[PDB]
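**Student:** My questions all concern the structure below.
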Amino acid sequence: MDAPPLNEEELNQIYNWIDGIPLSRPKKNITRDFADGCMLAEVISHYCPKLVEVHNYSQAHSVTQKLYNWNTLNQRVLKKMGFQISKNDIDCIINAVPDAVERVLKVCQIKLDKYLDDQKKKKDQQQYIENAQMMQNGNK
Amino acid sequence: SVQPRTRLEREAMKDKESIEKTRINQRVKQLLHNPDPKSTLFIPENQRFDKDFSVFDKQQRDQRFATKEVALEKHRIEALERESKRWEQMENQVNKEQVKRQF
Amino acid sequence: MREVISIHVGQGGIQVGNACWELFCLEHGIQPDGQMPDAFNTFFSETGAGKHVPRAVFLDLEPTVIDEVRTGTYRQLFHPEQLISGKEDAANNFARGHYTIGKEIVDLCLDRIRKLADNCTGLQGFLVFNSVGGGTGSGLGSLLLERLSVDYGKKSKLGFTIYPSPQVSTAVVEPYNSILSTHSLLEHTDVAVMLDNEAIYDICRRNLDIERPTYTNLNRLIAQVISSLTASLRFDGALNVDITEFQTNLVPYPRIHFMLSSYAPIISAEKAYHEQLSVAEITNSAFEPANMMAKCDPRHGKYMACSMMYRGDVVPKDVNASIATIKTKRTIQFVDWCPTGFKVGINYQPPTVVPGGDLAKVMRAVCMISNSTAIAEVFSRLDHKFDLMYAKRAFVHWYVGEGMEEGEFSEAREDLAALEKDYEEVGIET
Amino acid sequence: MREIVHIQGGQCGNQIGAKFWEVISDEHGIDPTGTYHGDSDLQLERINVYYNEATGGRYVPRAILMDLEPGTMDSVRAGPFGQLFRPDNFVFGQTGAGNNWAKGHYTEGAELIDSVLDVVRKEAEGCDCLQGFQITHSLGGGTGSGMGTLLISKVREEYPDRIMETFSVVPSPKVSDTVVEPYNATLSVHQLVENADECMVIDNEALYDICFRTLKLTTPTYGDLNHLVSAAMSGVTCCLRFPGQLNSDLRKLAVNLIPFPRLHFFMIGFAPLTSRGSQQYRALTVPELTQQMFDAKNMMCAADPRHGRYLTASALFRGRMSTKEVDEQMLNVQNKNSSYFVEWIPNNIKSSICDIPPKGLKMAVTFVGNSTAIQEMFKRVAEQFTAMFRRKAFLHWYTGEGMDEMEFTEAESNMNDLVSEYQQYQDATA
Ligand SMILES: Nc1nc2c(ncn2[C@@H]2O[C@H](COP(=O)(O)OP(=O)(O)OP(=O)(O)O)[C@@H](O)[C@H]2O)c(=O)[nH]1
Ligand SMILES: Nc1nc2c(ncn2[C@@H]2O[C@H](COP(=O)(O)OP(=O)(O)O)[C@@H](O)[C@H]2O)c(=O)[nH]1
Ligand SMILES: [Mg+2]
């Protein structure tokens, strides 16, 4: 995902957004603290608890386990939100390359807001259909 | 343990030029079916038919373990020998000091 | 007055049958000649004076393995005319062993099955072994299961199938016949146990410390699992379990009966006795994801029900004290609609050791049969492998020309999609 | 059971067979007088695959030798192991073809072939269960490339369900010994694709390159090339004559290596091959075998296998070895070379293990891989054919015996279509 580098204002917005979320562990270095994919799973679970099984993502120092966590998150969660992270971007994140996680967090934020709006519209439409069917059965 | 003998044993050195002298002194192929007996590849024709990796591996595995066990006992003994000499030498030093004092 | 009949078809099936039949003969004291120098009745039958005959039948179209069996040390044990052999191999073609050459052999096998069944009076059920990634194995297993399901009806049949590994494979066409055989046994077998080779290779490497294993080492572990499963029928125990007491405890719904197994402890005599092998540590090792007998991660899914067998000098209170600890852990979570999910069995006979083998002699052991939601990954990856080649219709001409119709591939794909949807539908909380 | 008969034609095929049968007899311990003098029991269990039994206890090969001139068979009889062949199977004409394809396929080869077909029918009708036929012939000669290919069609018309093998030597442009090689090569390739179930191309240039570079012997002769070809030929059917962990007959290879019915042109190679002076340095291990097996210079064809992508591959290991190592090495050779393996068919390497190694060697491997790099040979053959045909050079010799230029045009068009549709799958993506 060749996303442009984030400006300082966009970085501050992402950090404030992430600090508004009650995560299981205090943040000290976002680039390192997200490198295992566990904190991104918690961030998504806060808004979409039925979408993410956080227990499938164990805290990880090894490259192999970080890569497993990220591939699992990318296939099971992010794909359902209508985006996927590239292998190269995953490799940048697990190595704590600067700006790599912040770009992914920005894309995740935008995709999460859109996903929540689409879930709300589906509920409102389903409730309208259920109410319309109840009014037809009352006449029968 | 670096070591040398007495002065008499070396006996070459009182202004020796022998070392200089020594420098002066110097002035349809069928090899597929016929691998050499020495080589690893050669399996005897008579034994060509044991067909079990299982039994063979178990005996081989047992042997591979055993060499390591004897090796461990030997290397540890060498470790013990440096330490024993040092312990002995410190004790020896005390005896020796004692010996000179008595002399 | 309780009996069971084991069916061995294909090269892998026969090679694991040999492995289990050294172990049973050793465990009941019967010499390889069949002569003893009342628990034998489950697997054997008395001939009136002397030898015992196994309640097993060996099937294969390719004669090499049967000929090897009929000349080894066990030539005197098996009845000469229950080792049914063909002439022409199916050659990894599923359509061959289901439509062309298996039909002419299946009648003799069914006659042998009838002749063995009329002798039994308390027949508990059938056991069947077959490596799935082969022509004759999968095809004949499918045909035999389909014939037995209508000849006998409600009798229970158990299948110890060996699915291909995620990435390691010996053939190139095994996804096709694996998918077709899964289609066939989905609606025809009561229990199916996962047995892929890669997980057992890792088990041997990590625990047994063997760097060059062969198939015999794998088959011995499978034989030990079978013996642990069937010990409760032929030995006295404080908490017995029968074969018929499974679909009431491990199978929530008729479609879902694929589960994966594990065994503990697995350790060599060189370092076994240095540690005490308490029941708590063995029951912890049995639940470790790395000790699954199939290469699947249980951390990726929920548990549905766990049936786990002990044998040796284990005391029930120690078992309960260890089930509580497992319920405590946060990394193992059960499905919402199942408050208790454990079925426990305790037997007194310790596992028997085979001379020259890998495993050592121990007084306690545990074998677990666990049904979990995480099994859908193997179906998904096999489906992905199948789709890649079915997109271009590769290797299909080898199947269409053996009597199979073109549309038969699609409906197996639809049934796998249905199974994957069902596994997702069950695992969601209410 | 499941045995095959041997049929050879032409001088090159006769010389190949004269060493193939010597190698087989030495493997089974049969003296040149037809008397068994072997050491192991397994040497006699499956001898019915290639040898028949006659009164007096001696064995006779079921080989059929045909040529349009009597010299080569009158010479092979005086060589070692020449007495094994039954005198009745020798059929020959009095005229010869003179490297003219038309004479060996229309005028002279048509009248003679009835007698050889009579003995072929006698041999096939009698045998217990037929597996198939294997054919050795050269595409650079007239009588061979004509009569052999017409015999292929005649055999296929009568036994449509059996399997057919052909080991074909194609004329390379580097070492050319006949000026009319392109004509009878192009005409033969047209008929060979329509009837042969399997085809294995062998080039004299690649054999000279191997002998000069790997064995490093000073003066290669036809005896060394024949010995290498014979070892490669024997390696394919080894597990059909000996027990093993995973038996795999010819039909199983046919299922797993041919994705589409018209793509059945393989190139092979044999390992290990070491010089006399370095046979003591090397240590025989599975990694050492597999690194030489996939080596580009080790292929029996001048085609460069890193100029294309493998559709599938096969390996037939010999000797007693662990299967886990074989599978992991096959996986490793496929992960490190993902660029040279087609991506829409996963797990495209087949492996097999036979517990009986060659006499004198502890481990051996035979490699059969279906690759897209074979297009280069047909490209150069067609290039020479169209360079020579545009001037109608040497055309009158062929047209004076009832043949016309239309059959040349159709052959060229079909060969070019084969070349195109063989590479069509090289650029195919999922
Ligand atoms: N666990 C285990 N698996 C085996 C063994 N032998 C073969 N297999 C598996 O079986 C698969 C192929 O089927 P096979 O059993 O070898 O052959 P088959 O079932 O008789 O089918 P055919 O090829 O038609 O003869 C391979 O992919 C192997 O993984 C074995 O001894 N142990
Ligand atoms: N390997 C091998 N190849 C040979 C031998 N003799 C001839 N050839 C090849 O066969 C080709 C000629 O074929 P030819 O003898 O005319 O076949 P024929 O027309 O059927 O008799 C030459 O290009 C040679 O490379 C041999 O003894 N061994
Ligand atoms: Mg088989």
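In the structure tokens, the first chain shown is A, the next is B, and so on; residue numbers restart at 1 for each chain, and ligands run from 1 in the order shown.
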How would you report the residues lying within 6 Å of ligand 2, as a VMD selection string, if you count only C-alpha atoms and all ligand atoms?

**Tutor:** chain D and resid 10 to 12 15 99 138 140 to 144 177 204 222 225 to 226

**Student:** List as a compact mmCIF listing (two decimals) with N, CA and C atoms, in the first residue's frame the protein and nucleic acid residues near segment 3-9 of chain A, meaning an atom at most 12 Å away when only C-alpha atoms are counted, but skip any in the same chain fewer than 4 places from it.

**Tutor:**
# COMPACT_ATOMS: atom_id res chain seq x y z
N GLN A 13 -3.20 13.54 15.15
CA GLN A 13 -4.57 13.04 15.12
C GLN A 13 -4.64 11.52 15.37
N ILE A 14 -3.74 10.74 14.75
CA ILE A 14 -3.68 9.29 14.94
C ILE A 14 -3.31 8.95 16.39
N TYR A 15 -2.33 9.64 16.97
CA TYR A 15 -1.91 9.39 18.35
C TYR A 15 -3.01 9.73 19.35
N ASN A 16 -3.67 10.88 19.19
CA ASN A 16 -4.83 11.25 20.02
C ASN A 16 -5.98 10.24 19.89
N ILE A 85 -3.27 -5.28 4.05
CA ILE A 85 -1.90 -4.77 4.14
C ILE A 85 -1.01 -5.64 3.25
N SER A 86 -0.07 -5.03 2.53
CA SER A 86 0.86 -5.78 1.68
C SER A 86 1.91 -6.52 2.53
N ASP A 89 4.69 -4.07 3.57
CA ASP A 89 4.27 -3.20 4.67
C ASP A 89 4.27 -3.95 6.01
N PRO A 98 10.13 3.33 10.96
CA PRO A 98 9.37 4.56 11.19
C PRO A 98 8.30 4.80 10.12
N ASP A 99 7.20 5.43 10.51
CA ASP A 99 6.03 5.77 9.68
C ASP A 99 5.23 4.58 9.14
N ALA A 100 5.74 3.36 9.21
CA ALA A 100 5.08 2.19 8.64
C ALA A 100 3.77 1.87 9.37
N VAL A 101 3.78 1.93 10.70
CA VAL A 101 2.59 1.60 11.49
C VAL A 101 1.58 2.73 11.47
N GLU A 102 2.04 3.97 11.45
CA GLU A 102 1.22 5.18 11.43
C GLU A 102 0.40 5.23 10.14
N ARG A 103 1.01 4.92 8.98
CA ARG A 103 0.27 4.78 7.71
C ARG A 103 -0.82 3.71 7.80
N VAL A 104 -0.51 2.56 8.39
CA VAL A 104 -1.48 1.47 8.56
C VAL A 104 -2.61 1.86 9.52
N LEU A 105 -2.30 2.56 10.61
CA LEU A 105 -3.28 3.07 11.56
C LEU A 105 -4.21 4.08 10.90
N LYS A 106 -3.70 5.00 10.08
CA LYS A 106 -4.52 5.95 9.32
C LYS A 106 -5.51 5.23 8.40
N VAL A 107 -5.01 4.28 7.60
CA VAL A 107 -5.87 3.49 6.71
C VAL A 107 -6.91 2.70 7.51

**Student:** Would you write out, as JSON lines, a table of all residues in chain C that have an atom no more than 10 Å from an atom of ligand 3, listing for each the closest atom pair and the distance in Å to one decimal, considering only C-alpha atoms and all ligand atoms and ordering rows by chain and rising residue number?

**Tutor:**
{"residue": "C:9", "atom": "CA", "partner": "ligand 3", "partner_atom_place_in_ligand_line": "1 (Mg)", "distance": 9.6}
{"residue": "C:10", "atom": "CA", "partner": "ligand 3", "partner_atom_place_in_ligand_line": "1 (Mg)", "distance": 6.0}
{"residue": "C:11", "atom": "CA", "partner": "ligand 3", "partner_atom_place_in_ligand_line": "1 (Mg)", "distance": 5.0}
{"residue": "C:12", "atom": "CA", "partner": "ligand 3", "partner_atom_place_in_ligand_line": "1 (Mg)", "distance": 8.0}
{"residue": "C:13", "atom": "CA", "partner": "ligand 3", "partner_atom_place_in_ligand_line": "1 (Mg)", "distance": 9.9}
{"residue": "C:14", "atom": "CA", "partner": "ligand 3", "partner_atom_place_in_ligand_line": "1 (Mg)", "distance": 10.0}
{"residue": "C:60", "atom": "CA", "partner": "ligand 3", "partner_atom_place_in_ligand_line": "1 (Mg)", "distance": 7.4}
{"residue": "C:61", "atom": "CA", "partner": "ligand 3", "partner_atom_place_in_ligand_line": "1 (Mg)", "distance": 7.5}
{"residue": "C:62", "atom": "CA", "partner": "ligand 3", "partner_atom_place_in_ligand_line": "1 (Mg)", "distance": 5.8}
{"residue": "C:63", "atom": "CA", "partner": "ligand 3", "partner_atom_place_in_ligand_line": "1 (Mg)", "distance": 8.7}
{"residue": "C:64", "atom": "CA", "partner": "ligand 3", "partner_atom_place_in_ligand_line": "1 (Mg)", "distance": 8.5}
{"residue": "C:65", "atom": "CA", "partner": "ligand 3", "partner_atom_place_in_ligand_line": "1 (Mg)", "distance": 8.3}
{"residue": "C:88", "atom": "CA", "partner": "ligand 3", "partner_atom_place_in_ligand_line": "1 (Mg)", "distance": 9.9}
{"residue": "C:89", "atom": "CA", "partner": "ligand 3", "partner_atom_place_in_ligand_line": "1 (Mg)", "distance": 6.6}
{"residue": "C:90", "atom": "CA", "partner": "ligand 3", "partner_atom_place_in_ligand_line": "1 (Mg)", "distance": 7.7}
{"residue": "C:91", "atom": "CA", "partner": "ligand 3", "partner_atom_place_in_ligand_line": "1 (Mg)", "distance": 7.0}
{"residue": "C:92", "atom": "CA", "partner": "ligand 3", "partner_atom_place_in_ligand_line": "1 (Mg)", "distance": 7.7}
{"residue": "C:131", "atom": "CA", "partner": "ligand 3", "partner_atom_place_in_ligand_line": "1 (Mg)", "distance": 9.9}
{"residue": "C:134", "atom": "CA", "partner": "ligand 3", "partner_atom_place_in_ligand_line": "1 (Mg)", "distance": 7.3}
{"residue": "C:135", "atom": "CA", "partner": "ligand 3", "partner_atom_place_in_ligand_line": "1 (Mg)", "distance": 7.9}
{"residue": "C:136", "atom": "CA", "partner": "ligand 3", "partner_atom_place_in_ligand_line": "1 (Mg)", "distance": 7.0}
{"residue": "C:137", "atom": "CA", "partner": "ligand 3", "partner_atom_place_in_ligand_line": "1 (Mg)", "distance": 7.9}

**Student:** Once you have the residues from the selection above, write them out as a short mmCIF file (atom, residue, chain, number, x, y, z; two decimals), in the first residue's frame, restricted to N, CA and C atoms.

**Tutor:**
data_model
loop_
_atom_site.label_atom_id
_atom_site.label_comp_id
_atom_site.auth_asym_id
_atom_site.auth_seq_id
_atom_site.Cartn_x
_atom_site.Cartn_y
_atom_site.Cartn_z
N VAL C 9 -7.43 -50.72 4.06
CA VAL C 9 -7.44 -50.60 2.60
C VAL C 9 -6.37 -49.61 2.18
N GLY C 10 -5.64 -49.96 1.12
CA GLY C 10 -4.57 -49.12 0.61
C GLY C 10 -3.24 -49.41 1.27
N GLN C 11 -2.19 -48.84 0.68
CA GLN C 11 -0.84 -49.09 1.19
C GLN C 11 -0.66 -48.50 2.58
N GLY C 12 -1.08 -47.25 2.78
CA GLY C 12 -0.97 -46.65 4.10
C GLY C 12 -1.82 -47.37 5.12
N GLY C 13 -3.03 -47.77 4.73
CA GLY C 13 -3.88 -48.52 5.64
C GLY C 13 -3.27 -49.84 6.06
N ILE C 14 -2.70 -50.58 5.11
CA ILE C 14 -2.08 -51.86 5.45
C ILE C 14 -0.84 -51.65 6.31
N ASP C 60 -6.26 -54.36 -0.95
CA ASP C 60 -5.41 -53.57 -1.83
C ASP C 60 -5.54 -54.11 -3.25
N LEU C 61 -5.43 -53.23 -4.23
CA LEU C 61 -5.41 -53.67 -5.62
C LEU C 61 -3.99 -53.97 -6.09
N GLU C 62 -2.99 -53.39 -5.44
CA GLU C 62 -1.60 -53.58 -5.85
C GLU C 62 -0.96 -54.64 -4.96
N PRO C 63 -0.43 -55.73 -5.53
CA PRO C 63 -0.16 -56.92 -4.71
C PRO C 63 1.11 -56.87 -3.87
N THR C 64 1.97 -55.86 -4.01
CA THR C 64 3.29 -55.93 -3.39
C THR C 64 3.20 -55.99 -1.87
N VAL C 65 2.40 -55.10 -1.26
CA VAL C 65 2.33 -55.05 0.19
C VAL C 65 1.74 -56.32 0.78
N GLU C 88 -4.35 -55.00 -10.76
CA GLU C 88 -3.99 -53.69 -11.30
C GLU C 88 -4.29 -52.59 -10.30
N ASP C 89 -3.30 -51.71 -10.10
CA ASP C 89 -3.42 -50.61 -9.16
C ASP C 89 -4.28 -49.51 -9.78
N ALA C 90 -4.92 -48.71 -8.91
CA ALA C 90 -5.69 -47.57 -9.38
C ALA C 90 -4.80 -46.40 -9.80
N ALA C 91 -3.55 -46.36 -9.33
CA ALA C 91 -2.58 -45.35 -9.73
C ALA C 91 -3.07 -43.94 -9.40
N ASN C 92 -3.41 -43.74 -8.13
CA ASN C 92 -3.77 -42.43 -7.59
C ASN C 92 -5.00 -41.83 -8.27
N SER C 131 -5.38 -44.12 3.86
CA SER C 131 -4.73 -42.87 3.48
C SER C 131 -5.53 -42.22 2.36
N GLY C 134 -4.78 -41.17 -2.04
CA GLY C 134 -4.48 -42.19 -3.02
C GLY C 134 -5.74 -42.67 -3.70
N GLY C 135 -5.55 -43.26 -4.87
CA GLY C 135 -6.67 -43.74 -5.65
C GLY C 135 -7.43 -44.88 -4.99
N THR C 136 -6.77 -46.03 -4.85
CA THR C 136 -7.45 -47.20 -4.31
C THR C 136 -7.92 -46.97 -2.88
N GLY C 137 -7.09 -46.36 -2.04
CA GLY C 137 -7.50 -46.12 -0.67
C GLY C 137 -8.78 -45.33 -0.57
#

**Student:** Contacts of residue 364 of chain C at 7 Å or less, counting only C-alpha atoms, minus same-chain residues fewer than 2 places along, as a PDB file with N, CA and C atoms, in the first residue's frame?

**Tutor:**
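Resulting contents of out.pdb:
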ATOM      1  N   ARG C 311      -4.981 -43.917  31.403  1.00  0.00           N
ATOM      2  CA  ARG C 311      -4.728 -45.310  31.739  1.00  0.00           C
ATOM      3  C   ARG C 311      -3.497 -45.418  32.621  1.00  0.00           C
ATOM      4  N   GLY C 312      -3.550 -46.336  33.581  1.00  0.00           N
ATOM      5  CA  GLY C 312      -2.481 -46.490  34.545  1.00  0.00           C
ATOM      6  C   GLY C 312      -2.992 -46.433  35.968  1.00  0.00           C
ATOM      7  N   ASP C 313      -2.216 -45.836  36.872  1.00  0.00           N
ATOM      8  CA  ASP C 313      -2.617 -45.712  38.266  1.00  0.00           C
ATOM      9  C   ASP C 313      -3.215 -44.344  38.612  1.00  0.00           C
ATOM     10  N   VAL C 314      -3.849 -43.668  37.651  1.00  0.00           N
ATOM     11  CA  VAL C 314      -4.371 -42.333  37.910  1.00  0.00           C
ATOM     12  C   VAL C 314      -5.612 -42.412  38.793  1.00  0.00           C
ATOM     13  N   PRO C 350      -1.549 -50.101  32.278  1.00  0.00           N
ATOM     14  CA  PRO C 350      -0.604 -49.136  31.714  1.00  0.00           C
ATOM     15  C   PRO C 350      -0.296 -49.460  30.266  1.00  0.00           C
ATOM     16  N   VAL C 362       6.021 -46.386  30.836  1.00  0.00           N
ATOM     17  CA  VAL C 362       5.558 -45.421  31.823  1.00  0.00           C
ATOM     18  C   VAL C 362       4.296 -45.967  32.477  1.00  0.00           C
TER      19      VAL C 362
END

**Student:** Distance atom CA of residue 412 of chain D-atom CA of residue 195 of chain D, one decimal place?

**Tutor:** 17.6 Å

**Student:** In Å, with one decimal, what is the gap from atom CA of residue 327 of chain C to atom CA of residue 252 of chain C?

**Tutor:**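 Atom CA of residue 252 of chain C lies 20.2 Å from atom CA of residue 327 of chain C.
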
**Student:** Any idea what's packed within 12 Å of segment 78-83 of chain A, counting only C-alpha atoms, ignoring anything in its chain fewer than 6 positions away? Could you give it as a list in words?

**Tutor:**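 Answer for this query is residues 1, 37, 40, 41, 44, 45, 48, 50, 51, 52, 70, 71, 72, 104, 105, 107, 108, 109, 110, 111, 112, 113, 114, 115, 116, 117, 118 and 119 of chain A.
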
**Student:** Generate a file of the selected residues that holds N, CA, C and O atoms, formatted as an mmCIF file, in the first residue's frame.

**Tutor:**
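Produced file selection-v9.cif, reproduced below:
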data_model
loop_
_atom_site.group_PDB
_atom_site.id
_atom_site.type_symbol
_atom_site.label_atom_id
_atom_site.label_comp_id
_atom_site.auth_asym_id
_atom_site.auth_seq_id
_atom_site.Cartn_x
_atom_site.Cartn_y
_atom_site.Cartn_z
ATOM 1 N N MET A 1 0.913 -1.157 0.000
ATOM 2 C CA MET A 1 0.000 0.000 0.000
ATOM 3 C C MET A 1 0.935 1.185 0.000
ATOM 4 O O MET A 1 1.557 1.439 1.021
ATOM 5 N N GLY A 37 1.200 -6.833 16.259
ATOM 6 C CA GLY A 37 -0.181 -6.874 15.771
ATOM 7 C C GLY A 37 -1.248 -7.021 16.866
ATOM 8 O O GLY A 37 -2.432 -6.845 16.574
ATOM 9 N N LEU A 40 -3.130 -3.587 17.495
ATOM 10 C CA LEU A 40 -4.072 -3.297 16.415
ATOM 11 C C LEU A 40 -5.334 -4.167 16.531
ATOM 12 O O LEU A 40 -6.438 -3.680 16.291
ATOM 13 N N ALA A 41 -5.190 -5.432 16.934
ATOM 14 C CA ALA A 41 -6.333 -6.300 17.195
ATOM 15 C C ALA A 41 -7.219 -5.757 18.333
ATOM 16 O O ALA A 41 -8.441 -5.739 18.188
ATOM 17 N N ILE A 44 -9.143 -2.576 17.021
ATOM 18 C CA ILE A 44 -10.300 -2.972 16.208
ATOM 19 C C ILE A 44 -11.384 -3.631 17.076
ATOM 20 O O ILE A 44 -12.571 -3.394 16.855
ATOM 21 N N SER A 45 -11.001 -4.436 18.072
ATOM 22 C CA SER A 45 -11.941 -5.101 18.983
ATOM 23 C C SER A 45 -12.758 -4.104 19.814
ATOM 24 O O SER A 45 -13.945 -4.338 20.029
ATOM 25 N N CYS A 48 -15.374 -3.050 17.176
ATOM 26 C CA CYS A 48 -15.971 -4.199 16.499
ATOM 27 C C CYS A 48 -15.659 -5.510 17.250
ATOM 28 O O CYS A 48 -14.990 -6.390 16.695
ATOM 29 N N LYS A 50 -17.148 -8.304 17.891
ATOM 30 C CA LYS A 50 -17.536 -9.543 17.192
ATOM 31 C C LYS A 50 -16.679 -9.853 15.960
ATOM 32 O O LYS A 50 -16.796 -10.934 15.392
ATOM 33 N N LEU A 51 -15.881 -8.894 15.494
ATOM 34 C CA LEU A 51 -15.065 -9.045 14.290
ATOM 35 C C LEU A 51 -13.695 -9.654 14.603
ATOM 36 O O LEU A 51 -13.098 -10.284 13.726
ATOM 37 N N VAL A 52 -13.205 -9.455 15.832
ATOM 38 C CA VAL A 52 -11.840 -9.791 16.242
ATOM 39 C C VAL A 52 -11.849 -10.631 17.504
ATOM 40 O O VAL A 52 -12.273 -10.194 18.569
ATOM 41 N N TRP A 70 0.133 -10.820 12.219
ATOM 42 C CA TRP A 70 -0.205 -9.888 11.141
ATOM 43 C C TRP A 70 -0.921 -10.558 9.972
ATOM 44 O O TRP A 70 -1.933 -10.040 9.502
ATOM 45 N N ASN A 71 -0.459 -11.724 9.515
ATOM 46 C CA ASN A 71 -1.129 -12.454 8.436
ATOM 47 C C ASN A 71 -2.541 -12.885 8.832
ATOM 48 O O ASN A 71 -3.477 -12.754 8.039
ATOM 49 N N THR A 72 -2.709 -13.348 10.072
ATOM 50 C CA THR A 72 -4.012 -13.743 10.613
ATOM 51 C C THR A 72 -4.954 -12.546 10.680
ATOM 52 O O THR A 72 -6.081 -12.625 10.180
ATOM 53 N N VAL A 104 -0.511 2.559 8.391
ATOM 54 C CA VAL A 104 -1.485 1.470 8.561
ATOM 55 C C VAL A 104 -2.608 1.862 9.516
ATOM 56 O O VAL A 104 -3.768 1.571 9.231
ATOM 57 N N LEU A 105 -2.295 2.562 10.605
ATOM 58 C CA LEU A 105 -3.275 3.072 11.558
ATOM 59 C C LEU A 105 -4.215 4.081 10.903
ATOM 60 O O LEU A 105 -5.424 3.957 11.074
ATOM 61 N N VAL A 107 -5.014 4.277 7.603
ATOM 62 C CA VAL A 107 -5.870 3.487 6.706
ATOM 63 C C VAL A 107 -6.906 2.702 7.510
ATOM 64 O O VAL A 107 -8.076 2.666 7.130
ATOM 65 N N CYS A 108 -6.497 2.106 8.633
ATOM 66 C CA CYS A 108 -7.386 1.355 9.504
ATOM 67 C C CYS A 108 -8.486 2.240 10.102
ATOM 68 O O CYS A 108 -9.639 1.825 10.075
ATOM 69 N N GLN A 109 -8.163 3.448 10.569
ATOM 70 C CA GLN A 109 -9.126 4.416 11.108
ATOM 71 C C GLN A 109 -10.217 4.741 10.076
ATOM 72 O O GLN A 109 -11.397 4.511 10.325
ATOM 73 N N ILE A 110 -9.818 5.156 8.869
ATOM 74 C CA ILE A 110 -10.754 5.507 7.786
ATOM 75 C C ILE A 110 -11.646 4.313 7.419
ATOM 76 O O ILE A 110 -12.851 4.447 7.188
ATOM 77 N N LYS A 111 -11.050 3.121 7.323
ATOM 78 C CA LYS A 111 -11.777 1.896 6.965
ATOM 79 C C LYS A 111 -12.713 1.445 8.078
ATOM 80 O O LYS A 111 -13.771 0.894 7.776
ATOM 81 N N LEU A 112 -12.347 1.683 9.333
ATOM 82 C CA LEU A 112 -13.167 1.378 10.493
ATOM 83 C C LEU A 112 -14.404 2.268 10.554
ATOM 84 O O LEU A 112 -15.502 1.730 10.647
ATOM 85 N N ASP A 113 -14.249 3.582 10.386
ATOM 86 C CA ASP A 113 -15.377 4.520 10.364
ATOM 87 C C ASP A 113 -16.378 4.150 9.265
ATOM 88 O O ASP A 113 -17.576 3.984 9.517
ATOM 89 N N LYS A 114 -15.873 3.896 8.051
ATOM 90 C CA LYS A 114 -16.712 3.453 6.933
ATOM 91 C C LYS A 114 -17.432 2.137 7.234
ATOM 92 O O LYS A 114 -18.611 1.987 6.918
ATOM 93 N N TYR A 115 -16.730 1.173 7.829
ATOM 94 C CA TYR A 115 -17.319 -0.112 8.188
ATOM 95 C C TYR A 115 -18.446 0.053 9.216
ATOM 96 O O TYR A 115 -19.495 -0.573 9.063
ATOM 97 N N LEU A 116 -18.266 0.902 10.230
ATOM 98 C CA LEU A 116 -19.281 1.172 11.255
ATOM 99 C C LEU A 116 -20.534 1.833 10.664
ATOM 100 O O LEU A 116 -21.652 1.405 10.969
ATOM 101 N N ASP A 117 -20.361 2.805 9.769
ATOM 102 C CA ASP A 117 -21.471 3.446 9.056
ATOM 103 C C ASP A 117 -22.270 2.447 8.212
ATOM 104 O O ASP A 117 -23.506 2.443 8.232
ATOM 105 N N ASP A 118 -21.582 1.560 7.494
ATOM 106 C CA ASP A 118 -22.227 0.531 6.681
ATOM 107 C C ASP A 118 -22.980 -0.492 7.551
ATOM 108 O O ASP A 118 -24.071 -0.939 7.183
ATOM 109 N N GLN A 119 -22.451 -0.842 8.731
ATOM 110 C CA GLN A 119 -23.158 -1.698 9.695
ATOM 111 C C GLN A 119 -24.413 -1.025 10.254
ATOM 112 O O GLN A 119 -25.442 -1.685 10.412
#

**Student:** Determine which residues of segment 2-232 of chain D receive a DSSP assignment of strand (DSSP E or B), computed from the backbone, and state them as a PyMOL selection string.

**Tutor:** chain D and resi 3-9+30+36+51-53+59-61+63-67+90-92+130-138+163-169+198-202

**Student:** Determine the nearest neighbour of chain C from the options B:22, B:67, B:95, B:60, counting only C-alpha atoms.

**Tutor:**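 Of B:22, B:67, B:95, B:60, the one nearest chain C is B:60, counting only C-alpha atoms.
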
**Student:** Could you pull out the alpha helix (DSSP H) residues of segment 37-81 of chain D from DSSP and send them as a VMD selection string?

**Tutor:** chain D and resid 42 to 45 71 to 76

**Student:** Considering only C-alpha atoms, extract the chain C residues located within 7 Å of chain D and return them as a list in words.

**Tutor:** residues 64, 87, 88, 91, 92, 168, 169, 170, 171, 172, 173, 212, 213, 214, 385, 388, 389, 394, 395 and 398 of chain C
